[PDB]
Amino acid sequence: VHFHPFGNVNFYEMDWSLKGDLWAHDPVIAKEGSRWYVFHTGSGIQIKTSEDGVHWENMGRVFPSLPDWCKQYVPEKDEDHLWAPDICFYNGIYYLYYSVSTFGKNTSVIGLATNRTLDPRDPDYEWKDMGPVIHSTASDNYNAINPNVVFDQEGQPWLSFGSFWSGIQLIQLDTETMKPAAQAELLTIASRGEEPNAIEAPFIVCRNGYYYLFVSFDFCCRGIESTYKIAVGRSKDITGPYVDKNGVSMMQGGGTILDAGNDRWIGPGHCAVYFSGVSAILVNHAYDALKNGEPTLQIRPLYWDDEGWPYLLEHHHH
Ligand SMILES: OC[C@@H]1O[C@@H](OC[C@@H]2O[C@@H](OC[C@@H]3O[C@@H](OC[C@@H]4O[C@@H](OC[C@@H]5O[C@@H](OC[C@@H]6O[C@@H](O)[C@H](O)[C@H]6O)[C@H](O)[C@H]5O)[C@H](O)[C@H]4O)[C@H](O)[C@H]3O)[C@H](O)[C@H]2O)[C@H](O)[C@H]1O
Ligand SMILES: [Ca+2]
């Protein structure tokens, strides 16, 4: 399943000196035609576009206003900022997942919107509100935010999500609804194993016979004091057990650190990983120490070593 398509594009041949409107947190990317799209956290889900992948402009948003049903799930929410979108392309349809929540609480719902095209100029454009996907309340020990969809080796879709509480959750989706399958059960597949369980934002990819689970550790959303980092583990089965490069279980704080940030780019996290041919990129945000800690889009080539583990090189100089 080519659920994140990018064409003949070779990410290792592009110079990723990003320009333009770069302010963002919790970014994902998609490409339709020759146009690239970044979906990120903000009013009604915020959208940027680019004709090359490198020069970005703010383009629009997914919802003019919050869908009405959301209030039932999160009655205390009184603004229209939707969090941590995820995008995938399946059966000719775009499935956009997003989070409705309030900060520090686990009364939350993940919604689904669908579209035939990502382009508002295209007369087929219409984000159909397909309603709720999965939710959490105070009686749950997980938080229904931060969705991610992955396809397993048998082409079955799966949803991972989570933030704090018991950690990262996983549940099988139905291929028709792209919502959790009838009697499907929620599994916890990662956790720091203790309090406060600062693990969130899962992103799963399948490469060379392993599922790789990327996550963010520690604390976002504090500008220049954010302590966010990007960590990774892997499993032969999508249901786990996920283990880091040192063999430590990701259900016990395991995870190899991919990026902990530098003197400029503080607290990198909420990442997404995409492939095109034999190339890959990591997408995330980081808090800009030279611009008042403002969350900033980052896109970098991501390499894989001979043992199958991902790694980043030093930042180029521009
Ligand atoms: O930048 C300017 C503005 O941003 C944009 O508008 C919307 C904003 O983006 C949102 O951030 C994205 C989300 O951030 C991550 O998770 C955030 C929170 O972390 C957890 O809460 C943190 C903390 O711990 C809580 O308690 C922990 C649990 O309680 C125990 O019982 C349990 O055992 C513990 O584990 C505390 O209450 C709290 O202090 C929460 O899970 C989550 O709320 C998500 O991953 C991202 O989705 C930001 O918040 C929005 O306002 C605009 O563009 C711009 O104006
Ligand atoms: Ca995500």
# chains A, B, ... in the order shown; residues from 1 in each chain; ligands from 1

$ residues_around --residues "residue 106 (chain A)" --least-positions-apart "3" --cutoff "10 Å" --atoms "only C-alpha atoms" --output "VMD selection string"
chain A and resid 74 101 to 103 109 135 to 145 162 to 165

$ residues_near_ligand --ligand "ligand 1" --cutoff "8 Å" --atoms "only C-alpha atoms and all ligand atoms" --output "ChimeraX atom specification"
/A:24-26,41-43,46,81-84,99,101-106,141,143,145-146,162-167,195-198,200-201,219-221,270,294-295

$ write_last_selection --atoms "C-alpha atoms" --output "PDB file, in the first residue's frame"
ATOM      1  CA  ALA A  24       4.506  25.126  12.580  1.00  0.00           C
ATOM      2  CA  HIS A  25       4.088  22.387  15.117  1.00  0.00           C
ATOM      3  CA  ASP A  26       3.075  18.776  14.663  1.00  0.00           C
ATOM      4  CA  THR A  41      -1.602  22.112  14.447  1.00  0.00           C
ATOM      5  CA  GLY A  42      -3.728  25.245  14.473  1.00  0.00           C
ATOM      6  CA  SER A  43      -7.180  26.735  13.717  1.00  0.00           C
ATOM      7  CA  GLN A  46      -3.541  24.619   9.214  1.00  0.00           C
ATOM      8  CA  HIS A  81      -7.312  24.805  17.281  1.00  0.00           C
ATOM      9  CA  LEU A  82      -7.077  21.170  16.163  1.00  0.00           C
ATOM     10  CA  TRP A  83      -3.917  19.218  16.903  1.00  0.00           C
ATOM     11  CA  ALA A  84      -1.540  16.801  15.287  1.00  0.00           C
ATOM     12  CA  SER A  99      -7.140  15.660  17.508  1.00  0.00           C
ATOM     13  CA  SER A 101      -8.598  18.146  23.072  1.00  0.00           C
ATOM     14  CA  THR A 102      -7.517  20.614  25.749  1.00  0.00           C
ATOM     15  CA  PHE A 103      -4.055  20.928  27.084  1.00  0.00           C
ATOM     16  CA  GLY A 104      -3.112  18.666  29.985  1.00  0.00           C
ATOM     17  CA  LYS A 105      -6.304  16.612  29.996  1.00  0.00           C
ATOM     18  CA  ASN A 106      -7.317  13.349  28.397  1.00  0.00           C
ATOM     19  CA  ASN A 141      -5.769   5.509  31.085  1.00  0.00           C
ATOM     20  CA  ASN A 143      -5.246  10.063  25.676  1.00  0.00           C
ATOM     21  CA  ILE A 145      -4.673  12.501  20.497  1.00  0.00           C
ATOM     22  CA  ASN A 146      -1.838  12.343  18.010  1.00  0.00           C
ATOM     23  CA  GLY A 162      -1.242   8.681  22.354  1.00  0.00           C
ATOM     24  CA  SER A 163       0.211  11.158  24.835  1.00  0.00           C
ATOM     25  CA  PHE A 164       1.113  10.494  28.477  1.00  0.00           C
ATOM     26  CA  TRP A 165      -1.132   8.330  30.750  1.00  0.00           C
ATOM     27  CA  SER A 166      -0.355   4.700  29.944  1.00  0.00           C
ATOM     28  CA  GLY A 167       1.473   5.697  26.722  1.00  0.00           C
ATOM     29  CA  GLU A 195       5.148   8.788  35.956  1.00  0.00           C
ATOM     30  CA  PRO A 196       4.740  11.341  34.428  1.00  0.00           C
ATOM     31  CA  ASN A 197       4.862   9.177  31.273  1.00  0.00           C
ATOM     32  CA  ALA A 198       6.213  11.760  28.867  1.00  0.00           C
ATOM     33  CA  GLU A 200       3.694  10.857  22.741  1.00  0.00           C
ATOM     34  CA  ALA A 201       3.253  11.424  19.060  1.00  0.00           C
ATOM     35  CA  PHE A 219       8.239  18.057  27.116  1.00  0.00           C
ATOM     36  CA  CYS A 220       6.968  19.960  24.160  1.00  0.00           C
ATOM     37  CA  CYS A 221       5.303  23.299  24.021  1.00  0.00           C
ATOM     38  CA  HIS A 270       6.357  15.326  16.706  1.00  0.00           C
ATOM     39  CA  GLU A 294       8.823  29.699  17.851  1.00  0.00           C
ATOM     40  CA  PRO A 295       7.978  26.141  16.664  1.00  0.00           C
TER      41      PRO A 295
END

$ atom_distance --atom1 "CA of residue 121 (chain A)" --atom2 "CA of residue 94 (chain A)"
15.9 Å

$ residues_around --residues "region 240-242 of chain A" --least-positions-apart "2" --cutoff "12 Å" --atoms "only C-alpha atoms" --output "PyMOL selection string"
chain A and resi 168-170+187-191+204+210-215+231-238+244-256

$ write_last_selection --atoms "N, CA and C atoms" --output "JSON list (two decimals), in the first residue's frame"
[["chain", "number", "residue", "atom", "x", "y", "z"],
["A", 168, "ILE", "N", 1.59, 4.93, 24.44],
["A", 168, "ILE", "CA", 1.24, 4.78, 23.04],
["A", 168, "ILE", "C", 0.33, 3.56, 22.82],
["A", 169, "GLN", "N", -0.79, 3.79, 22.13],
["A", 169, "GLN", "CA", -1.82, 2.84, 21.87],
["A", 169, "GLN", "C", -1.81, 2.46, 20.43],
["A", 170, "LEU", "N", -2.36, 1.30, 20.15],
["A", 170, "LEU", "CA", -2.48, 0.82, 18.82],
["A", 170, "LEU", "C", -3.80, 0.05, 18.65],
["A", 187, "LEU", "N", -4.24, -1.84, 22.25],
["A", 187, "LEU", "CA", -3.01, -2.31, 22.83],
["A", 187, "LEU", "C", -2.06, -1.15, 23.16],
["A", 188, "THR", "N", -1.41, -1.22, 24.31],
["A", 188, "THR", "CA", -0.34, -0.31, 24.61],
["A", 188, "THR", "C", 0.96, -0.92, 24.07],
["A", 189, "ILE", "N", 1.65, -0.21, 23.18],
["A", 189, "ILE", "CA", 2.86, -0.68, 22.59],
["A", 189, "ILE", "C", 4.10, 0.12, 22.98],
["A", 190, "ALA", "N", 3.98, 1.22, 23.71],
["A", 190, "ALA", "CA", 5.15, 1.86, 24.28],
["A", 190, "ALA", "C", 4.82, 2.69, 25.48],
["A", 191, "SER", "N", 5.80, 2.81, 26.36],
["A", 191, "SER", "CA", 5.58, 3.54, 27.63],
["A", 191, "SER", "C", 6.94, 3.76, 28.25],
["A", 204, "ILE", "N", 4.62, 5.21, 12.99],
["A", 204, "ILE", "CA", 5.11, 3.89, 12.65],
["A", 204, "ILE", "C", 5.38, 3.78, 11.15],
["A", 210, "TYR", "N", 10.90, -4.89, 9.39],
["A", 210, "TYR", "CA", 10.63, -4.44, 10.75],
["A", 210, "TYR", "C", 9.64, -3.25, 10.69],
["A", 211, "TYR", "N", 8.83, -3.16, 11.72],
["A", 211, "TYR", "CA", 8.11, -1.91, 12.00],
["A", 211, "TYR", "C", 8.99, -1.06, 12.92],
["A", 212, "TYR", "N", 9.16, 0.21, 12.57],
["A", 212, "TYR", "CA", 9.89, 1.16, 13.38],
["A", 212, "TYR", "C", 8.87, 2.08, 13.99],
["A", 213, "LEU", "N", 8.95, 2.21, 15.29],
["A", 213, "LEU", "CA", 8.09, 3.10, 16.03],
["A", 213, "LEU", "C", 8.91, 4.33, 16.45],
["A", 214, "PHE", "N", 8.62, 5.48, 15.83],
["A", 214, "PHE", "CA", 9.15, 6.76, 16.28],
["A", 214, "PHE", "C", 8.25, 7.39, 17.30],
["A", 215, "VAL", "N", 8.83, 7.98, 18.31],
["A", 215, "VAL", "CA", 8.05, 8.73, 19.33],
["A", 215, "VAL", "C", 8.79, 9.98, 19.78],
["A", 231, "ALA", "N", 12.83, 9.63, 19.48],
["A", 231, "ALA", "CA", 13.37, 8.34, 19.84],
["A", 231, "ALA", "C", 12.71, 7.31, 18.97],
["A", 232, "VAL", "N", 13.35, 6.15, 18.84],
["A", 232, "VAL", "CA", 12.93, 5.13, 17.93],
["A", 232, "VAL", "C", 13.19, 3.71, 18.48],
["A", 233, "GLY", "N", 12.32, 2.77, 18.13],
["A", 233, "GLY", "CA", 12.54, 1.36, 18.35],
["A", 233, "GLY", "C", 11.91, 0.58, 17.25],
["A", 234, "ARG", "N", 12.03, -0.75, 17.33],
["A", 234, "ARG", "CA", 11.54, -1.59, 16.26],
["A", 234, "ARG", "C", 11.08, -2.96, 16.74],
["A", 235, "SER", "N", 10.27, -3.59, 15.90],
["A", 235, "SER", "CA", 9.66, -4.90, 16.15],
["A", 235, "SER", "C", 9.41, -5.61, 14.85],
["A", 236, "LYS", "N", 9.47, -6.93, 14.90],
["A", 236, "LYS", "CA", 9.08, -7.76, 13.76],
["A", 236, "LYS", "C", 7.59, -7.78, 13.58],
["A", 237, "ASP", "N", 6.84, -7.66, 14.66],
["A", 237, "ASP", "CA", 5.38, -7.55, 14.52],
["A", 237, "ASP", "C", 4.91, -6.17, 14.92],
["A", 238, "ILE", "N", 3.86, -5.73, 14.24],
["A", 238, "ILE", "CA", 3.42, -4.35, 14.41],
["A", 238, "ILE", "C", 2.89, -4.19, 15.83],
["A", 244, "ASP", "N", 14.62, -0.86, 21.49],
["A", 244, "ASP", "CA", 15.61, 0.02, 20.93],
["A", 244, "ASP", "C", 16.89, -0.69, 20.47],
["A", 245, "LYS", "N", 17.85, 0.09, 19.98],
["A", 245, "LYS", "CA", 19.10, -0.42, 19.44],
["A", 245, "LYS", "C", 19.95, -1.16, 20.52],
["A", 246, "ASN", "N", 19.83, -0.71, 21.76],
["A", 246, "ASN", "CA", 20.37, -1.39, 22.95],
["A", 246, "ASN", "C", 19.59, -2.57, 23.48],
["A", 247, "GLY", "N", 18.50, -2.94, 22.79],
["A", 247, "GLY", "CA", 17.68, -4.05, 23.16],
["A", 247, "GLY", "C", 16.67, -3.76, 24.27],
["A", 248, "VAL", "N", 16.54, -2.50, 24.70],
["A", 248, "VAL", "CA", 15.62, -2.14, 25.77],
["A", 248, "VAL", "C", 14.21, -1.94, 25.24],
["A", 249, "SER", "N", 13.28, -2.64, 25.89],
["A", 249, "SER", "CA", 11.86, -2.59, 25.60],
["A", 249, "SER", "C", 11.33, -1.16, 25.65],
["A", 250, "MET", "N", 10.59, -0.81, 24.61],
["A", 250, "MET", "CA", 9.97, 0.45, 24.55],
["A", 250, "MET", "C", 8.75, 0.47, 25.49],
["A", 251, "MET", "N", 8.39, -0.65, 26.14],
["A", 251, "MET", "CA", 7.31, -0.63, 27.18],
["A", 251, "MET", "C", 7.93, -0.33, 28.53],
["A", 252, "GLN", "N", 9.27, -0.18, 28.57],
["A", 252, "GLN", "CA", 10.04, 0.22, 29.72],
["A", 252, "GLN", "C", 11.06, 1.37, 29.47],
["A", 253, "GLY", "N", 10.65, 2.40, 28.73],
["A", 253, "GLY", "CA", 11.52, 3.53, 28.52],
["A", 253, "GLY", "C", 12.58, 3.36, 27.44],
["A", 254, "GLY", "N", 12.57, 2.21, 26.75],
["A", 254, "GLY", "CA", 13.45, 2.01, 25.61],
["A", 254, "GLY", "C", 13.16, 2.96, 24.49],
["A", 255, "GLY", "N", 14.20, 3.26, 23.73],
["A", 255, "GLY", "CA", 14.12, 4.12, 22.59],
["A", 255, "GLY", "C", 15.48, 4.77, 22.29],
["A", 256, "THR", "N", 15.97, 4.57, 21.08],
["A", 256, "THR", "CA", 17.20, 5.17, 20.69],
["A", 256, "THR", "C", 16.96, 6.63, 20.28]]

$ select_by_dssp --residues "region 88-245 of chain A" --states "strand (DSSP E)" --output "short mmCIF file (atom, residue, chain, number, x, y, z; two decimals) with C-alpha atoms, in the first residue's frame"
data_model
loop_
_atom_site.label_atom_id
_atom_site.label_comp_id
_atom_site.auth_asym_id
_atom_site.auth_seq_id
_atom_site.Cartn_x
_atom_site.Cartn_y
_atom_site.Cartn_z
CA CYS A 88 -2.76 9.08 4.21
CA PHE A 89 -4.05 8.14 0.75
CA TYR A 90 -6.00 4.96 0.37
CA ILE A 93 -9.29 8.88 -0.97
CA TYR A 94 -7.41 11.16 1.41
CA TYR A 95 -7.97 10.30 5.07
CA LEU A 96 -7.07 13.10 7.39
CA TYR A 97 -7.09 12.34 11.13
CA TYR A 98 -6.90 15.07 13.75
CA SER A 99 -7.14 15.66 17.51
CA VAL A 100 -9.72 17.63 19.48
CA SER A 108 -10.07 14.02 23.73
CA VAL A 109 -11.24 12.69 20.44
CA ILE A 110 -9.63 11.86 17.14
CA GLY A 111 -11.72 12.82 14.17
CA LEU A 112 -11.65 11.84 10.52
CA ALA A 113 -12.19 13.98 7.48
CA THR A 114 -12.01 12.63 3.86
CA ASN A 115 -11.31 14.21 0.48
CA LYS A 128 -16.35 15.43 4.26
CA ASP A 129 -16.63 15.39 8.05
CA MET A 130 -16.64 11.65 8.82
CA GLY A 131 -16.98 12.13 12.52
CA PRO A 132 -15.31 10.49 15.50
CA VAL A 133 -12.70 7.71 15.27
CA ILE A 134 -11.79 6.91 18.90
CA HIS A 135 -11.97 8.95 22.10
CA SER A 136 -10.82 9.05 25.70
CA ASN A 148 -0.99 7.96 12.97
CA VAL A 149 -2.06 5.47 10.33
CA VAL A 150 0.22 2.71 9.03
CA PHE A 151 -0.39 -0.29 6.71
CA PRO A 157 -4.48 -0.44 8.24
CA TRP A 158 -3.60 0.32 11.85
CA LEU A 159 -3.98 3.39 14.00
CA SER A 160 -1.43 4.38 16.63
CA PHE A 161 -1.89 7.37 18.91
CA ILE A 168 1.24 4.78 23.04
CA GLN A 169 -1.82 2.84 21.87
CA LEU A 170 -2.48 0.82 18.82
CA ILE A 171 -5.70 -0.53 17.27
CA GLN A 172 -6.60 -2.20 14.08
CA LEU A 187 -3.01 -2.31 22.83
CA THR A 188 -0.34 -0.31 24.61
CA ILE A 189 2.86 -0.68 22.59
CA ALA A 190 5.15 1.86 24.28
CA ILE A 199 5.95 9.76 25.67
CA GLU A 200 3.69 10.86 22.74
CA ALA A 201 3.25 11.42 19.06
CA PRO A 202 3.78 7.96 17.58
CA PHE A 203 4.74 7.37 13.99
CA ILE A 204 5.11 3.89 12.65
CA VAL A 205 6.78 2.85 9.36
CA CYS A 206 7.56 -0.58 7.88
CA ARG A 207 11.09 -1.03 6.40
CA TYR A 210 10.63 -4.44 10.75
CA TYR A 211 8.11 -1.91 12.00
CA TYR A 212 9.89 1.16 13.38
CA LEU A 213 8.09 3.10 16.03
CA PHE A 214 9.15 6.76 16.28
CA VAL A 215 8.05 8.73 19.33
CA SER A 216 8.73 12.00 21.17
CA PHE A 217 10.05 11.91 24.76
CA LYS A 229 13.49 14.53 21.81
CA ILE A 230 12.95 12.03 19.00
CA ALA A 231 13.37 8.34 19.84
CA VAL A 232 12.93 5.13 17.93
CA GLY A 233 12.54 1.36 18.35
CA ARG A 234 11.54 -1.59 16.26
CA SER A 235 9.66 -4.90 16.15
#

$ residues_around --residues "residue 21 (chain A)" --least-positions-apart "6" --cutoff "10 Å" --atoms "only C-alpha atoms" --output "ChimeraX atom specification"
/A:48-49,55-59,296-297

$ residues_around --residues "region 274-286 of chain A" --least-positions-apart "5" --cutoff "8 Å" --atoms "only C-alpha atoms" --output "PDB file with C-alpha atoms, in the first residue's frame"
ATOM      1  CA  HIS A   4       2.262   8.100   1.511  1.00  0.00           C
ATOM      2  CA  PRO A   5       3.178   8.599  -2.212  1.00  0.00           C
ATOM      3  CA  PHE A   6       5.824  10.926  -3.522  1.00  0.00           C
ATOM      4  CA  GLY A   7       6.417   9.804  -7.100  1.00  0.00           C
ATOM      5  CA  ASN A   8       9.896   9.421  -8.687  1.00  0.00           C
ATOM      6  CA  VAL A   9      11.118  12.079  -6.225  1.00  0.00           C
ATOM      7  CA  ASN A  10      14.549  11.395  -4.713  1.00  0.00           C
ATOM      8  CA  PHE A  11      14.759  13.019  -1.328  1.00  0.00           C
ATOM      9  CA  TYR A  12      18.549  12.576  -1.183  1.00  0.00           C
ATOM     10  CA  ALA A  24       4.506  25.126  12.580  1.00  0.00           C
ATOM     11  CA  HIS A  25       4.088  22.387  15.117  1.00  0.00           C
ATOM     12  CA  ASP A  26       3.075  18.776  14.663  1.00  0.00           C
ATOM     13  CA  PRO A  27       3.607  18.615  10.873  1.00  0.00           C
ATOM     14  CA  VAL A  28       2.827  15.964   8.385  1.00  0.00           C
ATOM     15  CA  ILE A  29       3.412  16.029   4.623  1.00  0.00           C
ATOM     16  CA  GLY A 261      18.237  19.203  19.465  1.00  0.00           C
ATOM     17  CA  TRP A 265      16.844  24.055  17.329  1.00  0.00           C
ATOM     18  CA  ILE A 266      15.475  23.297  20.761  1.00  0.00           C
ATOM     19  CA  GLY A 267      13.254  20.336  21.575  1.00  0.00           C
ATOM     20  CA  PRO A 268      12.762  18.638  18.172  1.00  0.00           C
ATOM     21  CA  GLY A 269       9.735  16.392  18.019  1.00  0.00           C
ATOM     22  CA  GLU A 294       8.823  29.699  17.851  1.00  0.00           C
ATOM     23  CA  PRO A 295       7.978  26.141  16.664  1.00  0.00           C
ATOM     24  CA  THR A 296       9.552  25.697  13.226  1.00  0.00           C
ATOM     25  CA  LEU A 297       9.119  23.147  10.418  1.00  0.00           C
ATOM     26  CA  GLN A 298      12.154  20.898   9.813  1.00  0.00           C
ATOM     27  CA  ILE A 299      12.613  18.442   6.967  1.00  0.00           C
ATOM     28  CA  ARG A 300      15.839  16.510   6.743  1.00  0.00           C
ATOM     29  CA  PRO A 301      17.084  13.561   4.802  1.00  0.00           C
ATOM     30  CA  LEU A 302      17.008  10.437   6.973  1.00  0.00           C
ATOM     31  CA  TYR A 303      19.459   7.602   6.353  1.00  0.00           C
TER      32      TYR A 303
END

$ closest_residue --among "A:222, A:73, A:180, A:208" --to "residue 306 (chain A)" --atoms "only C-alpha atoms"
A:208

$ atom_distance --atom1 "CA of residue 316 (chain A)" --atom2 "CA of residue 17 (chain A)"
8.7 Å

$ closest_residue --among "A:53, A:147, A:123, A:60" --to "ligand 2" --atoms "only C-alpha atoms and all ligand atoms"
A:147

$ decode --residues "region 44-91 of chain A" --atoms "C-alpha atoms" --output "compact mmCIF listing (two decimals), in the first residue's frame"
# COMPACT_ATOMS: atom_id res chain seq x y z
CA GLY A 44 -9.15 24.14 11.87
CA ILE A 45 -5.92 22.33 10.97
CA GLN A 46 -3.54 24.62 9.21
CA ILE A 47 -2.23 23.88 5.69
CA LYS A 48 0.91 25.02 3.86
CA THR A 49 1.81 24.33 0.22
CA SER A 50 4.90 24.29 -1.88
CA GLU A 51 5.65 23.62 -5.55
CA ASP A 52 9.16 22.21 -4.72
CA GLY A 53 9.13 20.81 -1.10
CA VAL A 54 11.52 23.57 -0.01
CA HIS A 55 9.75 27.00 -0.39
CA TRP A 56 6.64 27.01 1.82
CA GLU A 57 3.62 29.30 1.90
CA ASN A 58 0.61 29.31 4.19
CA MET A 59 -2.26 28.15 2.03
CA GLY A 60 -5.37 27.51 4.09
CA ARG A 61 -7.14 25.34 6.65
CA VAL A 62 -9.20 22.17 6.68
CA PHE A 63 -12.22 23.38 8.70
CA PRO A 64 -13.79 26.88 8.58
CA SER A 65 -15.12 25.99 11.97
CA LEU A 66 -15.04 23.09 14.42
CA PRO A 67 -17.45 20.33 13.51
CA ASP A 68 -20.51 20.40 15.78
CA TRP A 69 -20.14 16.88 17.14
CA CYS A 70 -16.76 17.75 18.70
CA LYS A 71 -18.43 19.69 21.55
CA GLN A 72 -20.09 16.49 22.73
CA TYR A 73 -16.67 14.80 23.09
CA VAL A 74 -14.76 17.80 24.54
CA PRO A 75 -17.37 20.17 25.99
CA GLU A 76 -14.81 22.43 27.63
CA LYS A 77 -13.10 23.22 24.32
CA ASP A 78 -13.87 26.87 23.49
CA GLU A 79 -11.50 27.55 20.57
CA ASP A 80 -11.00 26.01 17.13
CA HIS A 81 -7.31 24.81 17.28
CA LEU A 82 -7.08 21.17 16.16
CA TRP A 83 -3.92 19.22 16.90
CA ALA A 84 -1.54 16.80 15.29
CA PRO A 85 -3.06 15.88 11.96
CA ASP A 86 -2.17 12.77 10.05
CA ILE A 87 -2.68 12.20 6.39
CA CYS A 88 -2.76 9.08 4.21
CA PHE A 89 -4.05 8.14 0.75
CA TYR A 90 -6.00 4.96 0.37
CA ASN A 91 -8.56 3.66 -2.16
